[PDB]
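What follows is a single structure, written as structure tokens, with notes after it.
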Amino acid sequence: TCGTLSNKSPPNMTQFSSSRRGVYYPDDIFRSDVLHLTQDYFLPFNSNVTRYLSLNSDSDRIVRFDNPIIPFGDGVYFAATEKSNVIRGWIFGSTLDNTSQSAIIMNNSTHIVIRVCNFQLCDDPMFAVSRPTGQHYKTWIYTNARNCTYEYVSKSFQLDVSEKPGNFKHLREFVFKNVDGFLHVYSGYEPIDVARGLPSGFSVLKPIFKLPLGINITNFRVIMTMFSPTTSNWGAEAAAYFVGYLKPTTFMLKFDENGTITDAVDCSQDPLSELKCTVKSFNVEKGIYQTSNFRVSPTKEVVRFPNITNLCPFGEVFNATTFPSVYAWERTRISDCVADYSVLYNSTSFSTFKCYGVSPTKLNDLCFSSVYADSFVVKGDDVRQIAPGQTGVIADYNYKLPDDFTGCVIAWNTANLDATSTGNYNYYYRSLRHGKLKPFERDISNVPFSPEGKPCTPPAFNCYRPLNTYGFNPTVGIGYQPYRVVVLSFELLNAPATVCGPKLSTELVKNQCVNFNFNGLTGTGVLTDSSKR
Amino acid sequence: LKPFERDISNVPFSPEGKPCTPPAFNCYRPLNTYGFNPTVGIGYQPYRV
Amino acid sequence: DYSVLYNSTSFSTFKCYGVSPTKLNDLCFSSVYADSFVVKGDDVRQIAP
Amino acid sequence: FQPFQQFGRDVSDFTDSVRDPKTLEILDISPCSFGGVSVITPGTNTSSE
Amino acid sequence: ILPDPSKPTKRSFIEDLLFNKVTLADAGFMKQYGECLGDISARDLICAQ
Amino acid sequence: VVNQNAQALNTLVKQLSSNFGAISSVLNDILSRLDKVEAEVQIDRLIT
Amino acid sequence: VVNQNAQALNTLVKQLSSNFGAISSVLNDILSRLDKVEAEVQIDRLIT
Ligand SMILES: *[C@@H]1O[C@H](CO)[C@@H](O[C@@H]2O[C@H](CO)[C@@H](O)[C@H](O)[C@H]2NC(C)=O)[C@H](O)[C@H]1NC(C)=O
Ligand SMILES: *[C@@H]1O[C@H](CO)[C@@H](O)[C@H](O)[C@H]1NC(C)=O
Ligand SMILES: *[C@@H]1O[C@H](CO)[C@@H](O)[C@H](O)[C@H]1NC(C)=O
Ligand SMILES: *[C@@H]1O[C@H](CO)[C@@H](O)[C@H](O)[C@H]1NC(C)=O
Ligand SMILES: *[C@@H]1O[C@H](CO)[C@@H](O)[C@H](O)[C@H]1NC(C)=O
Ligand SMILES: *[C@@H]1O[C@H](CO)[C@@H](O)[C@H](O)[C@H]1NC(C)=O
Ligand SMILES: *[C@@H]1O[C@H](CO)[C@@H](O)[C@H](O)[C@H]1NC(C)=O
Ligand SMILES: *[C@@H]1O[C@H](CO)[C@@H](O)[C@H](O)[C@H]1NC(C)=O
Ligand SMILES: *[C@@H]1O[C@H](CO)[C@@H](O)[C@H](O)[C@H]1NC(C)=O
Ligand SMILES: *[C@@H]1O[C@H](CO)[C@@H](O)[C@H](O)[C@H]1NC(C)=O
Ligand SMILES: *[C@@H]1O[C@H](CO)[C@@H](O)[C@H](O)[C@H]1NC(C)=O
């Protein structure tokens, strides 16, 4: 079961400054008595933070109890300030539904509890606690937890209720990051005596947890208590929390002899901060100094690809009824299409997908001036030979890749097609030749071969047919089974894009520093109109 | 997926962004079985990792 | 001359160290030794430095 | 050392100390030939002293 | 060799010859902010710098 | 003296067109085309 | 002054005997023995 709420005001979103607030240890490396300048997701100094509240009015006629779904960026700075231990925990997740796993972190009445499950969350996830002396009553957090793949519980402790009125006495600060499947939690605690906002001040947050959760965290919201003296008419009181977003920025950190951070400069904050970071030092002598740009970093990205929508015919190219024999491999142009390889994932799994001069997962966001696909079948044992600098009966006499090859070699097993016995098309390879082929050279000649440089008029001694059949019976072992191969050869010239990856494309942004990607040519800079022809 | 993330969701998948209730056109079960019959070729055999 | 073998046997592995397989056809060697044994197809990965 | 620290390094990343994992005693590591050494010689071909 | 009050330049006459006789590679520091975003022919080693 | 110092800066910009044994002289071209696992090998050749 | 300039040239020619982390100090010995796909990695170490 769950509690319910009504007369609930929307969040007001009043904003405050993270005045030097919320520094944390960027990595696990122990450093002592050094200055470290580093790029990471940090909360910038004097960044905005959005406040959320829990307050009854003079009466329940109207109430704030802010538990919206809050987006999670590259990370979150979170600060709770409170007196009566109102903010108990968080739910981190994607959908925050039983349709996907969520992490619940609870500073529960006596234990920290971390659980990852498909949760049926309550509509307003909360604790219920009996106000005067009750350390607990009920937990309207979730109805069900169907597939719990992680759990952690911390050792027993006690919480004071601290129900007295007035100024907030506690400030609890957190940073959340989700990297390589770990949720990192950093935290710190500060005594405070304040009525509104975050107090100004430097904070360093120590690492509390690495949680091997593996969740897709994109949203979170807080779990808070509501209070009652009579286990009825629960009400909200006495807390606010502030959320700020980490942004990729350069900080310079000062490490003590004990390796604690004790000062930091946000290099983007002031000209004096850029100076301090430039001279790698917190104190600077009188002078004029050249200063390295930490002022401006790109945030927007402009991605602009030709508006050709037709998908490439890889289904047609790959699922042909029969392929060429490797001695007679066929070359085809691929053009005016989007090379989405993911269309194949439902149909064919590739035993080989090796790319040269291009990485196979940048391949999804390049564009190419031309693409050629060479198609043939070989033994699975021979797919080794389809690479630059290989040697053997295929590389020597059937199909040679150039040393300067750029492209991808793709192969998959097709014993279910090319090794069927059902009237099957035969596959051949050239076994004998007087010399090695040149790269992308072909030799479809079928004149009888003699080791001697002589005509045959076969049958004769020292005369042989140059082409061997492959033994693609269904009985043969996988080395002898057929593999289809296509070799895609690319070129990335200063010429119009002919094939492109599936990237969506965005409006131009001009006179601002941005990341950009034009036809896969990607960098950062300012875009303007130009006089160029 | 991002590195070392997991997705055990099993909602029906539409290529369209819009949801479906199956059986329906343009939506599918997201998960497929491996055909680990004892007959299958060595590429199709199970490997533990 | 390894081409003598191309009609008899296809090699699942032909991996060379300090010499490239193509230049192999026009080197000469001060000496050669051949070490011969049978292993699992699964074990062949282990015969490398 | 800090209670969980296993080794220490100077500003050159010279590992100058290590925690013995059995004793938890902290050991200093010195370089094997600390400081300068220099040899006075008259010429060879006048004395080998 | 003294300055001349009848001239805008506060150089001497000789000094005006000397300052005309040496030619600066950029004709002066003021390659100003707007000036490198020029025509295709307006590419310039100073803008590349 | 003017010519020597002008020339030295001109050779210094032109040195940015060297490959130094990277697949490209152009940094964006490497970062466009290769993944960090193997871009960083090429970027280190340009940096050094 | 004579000795210093002699010794500077003698050390320069002897520095051609260094491998610089290539498989060989001898350029012909790389080109003899490795394909262009992978000789170039060795040649670049000698060049640099
Ligand atoms: C291209 O065609 C020529 C002519 O057929 C081939 O030349 C033959 O090469 C072998 C070995 O080098 C000789 O034994 C033959 O006598 C040559 N033929 C003639 C007519 O001279 C050549 O090998 C083919 N391939 C390439 C890559 O050039
Ligand atoms: C709430 O919102 C109103 C605007 O609708 C604003 O004027 C007011 O100051 C806010 N008060 C609080 C306590 O957030
Ligand atoms: C949010 O940040 C910008 C600049 O950091 C600032 O101008 C703005 O005033 C902030 N928000 C509020 C409500 O002040
Ligand atoms: C998730 O919860 C809702 C609410 O009852 C329910 O209708 C739905 O069936 C649940 N998910 C699944 C997979 O059943
Ligand atoms: C939460 O706190 C209650 C009250 O002390 C305790 O009984 C319970 O064990 C805690 N949670 C879990 C999962 O144990
Ligand atoms: C999740 O739990 C249900 C039982 O409630 C089970 O049927 C389902 O297979 C589980 N899913 C996974 C991925 O374990
Ligand atoms: C380092 O920590 C110890 C124990 O907390 C303390 O005695 C010492 O003064 C600290 N040193 C510095 C420089 O903070
Ligand atoms: C190849 O295409 C035909 C018709 O489009 C289809 O019937 C067949 O199932 C396809 N084969 C594969 C392996 O996808
Ligand atoms: C994916 O393959 C399955 C068969 O395994 C088929 O039923 C389904 O229609 C295919 N869908 C697409 C989009 O290719
Ligand atoms: C090549 O092998 C075939 C059998 O596959 C055999 O008939 C032929 O005589 C052999 N020729 C040579 C020159 O080895
Ligand atoms: C084992 O390790 C412990 C603690 O690290 C230490 O006290 C002990 O002397 C070591 N050796 C033996 C034989 O116990």
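In what follows, chains carry the letters A, B, and so on, assigned in the order in which the sequence lines appear, proteins first and then strands, with residues in each chain numbered from 1.
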Derivation of the side chain to side chain contact (heavy atoms under 4.5 Å, CB included) call for A:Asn118 and B:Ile8: CA-CA 9 Å; A:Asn118 287 323; B:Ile8 69 165; 4.1 Å; yes

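Heavy atoms closer than 4.5 Å to chain B are found nowhere in A:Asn416, neither backbone nor side chain. Residue contact with chain B, scored on non-hydrogen atoms closer than 4.5 Å, is absent for A:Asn98. Heavy-atom distances place both the backbone and the side chain of A:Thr99 under 4.5 Å from chain B.
Heavy-atom neighbours of A:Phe353 CZ from other residues, nucleotides or ligands within 6.0 Å: above the threshold of 12. Within a 6.0 Å sphere centred on CZ of B:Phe36, other residues, nucleotides and ligands contribute more than 12 heavy atoms. No more than 12 heavy atoms of other residues, nucleotides or ligands lie within 6.0 Å of CD in A:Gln39, so this atom counts as exposed by the packing criterion. Under a cut-off of 6.0 angstrom, the local environment of CG in A:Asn426 is crowded, with over 12 non-hydrogen atoms contributed by other residues, nucleotides or ligands. Within 6.0 Å of atom CG in A:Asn307, 12 or fewer heavy atoms from other residues, nucleotides or ligands are found, so the atom counts as exposed in its surroundings. Dense packing is recorded around NZ of A:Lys362, with more than 12 heavy atoms of other residues, nucleotides or ligands lying under 6.0 Å away.
How far OH of B:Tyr44 is from OG of A:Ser349: 5.0 Å, rounded to the nearest 0.5 Å. Note: A:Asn147 CG to B:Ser9 OG = 11.0 Å, rounded to the nearest 0.5 Å. Here A:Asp180 contributes atom CG and B:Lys2 contributes atom NZ; the two are 9.5 Å apart, rounded to the nearest 0.5 Å. Taking OG of A:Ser94 as the reference point, atom CG of B:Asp7 lies at 8.5 Å (rounded to 0.5 Å).
In this structure, the side chain of B:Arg6 engages the main chain of A:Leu213 through a donor-acceptor pair within 3.5 Å.
Between chain B and the options A:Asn413, A:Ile215, A:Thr149, the largest number of non-hydrogen pairs under 4.5 Å is found for A:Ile215.
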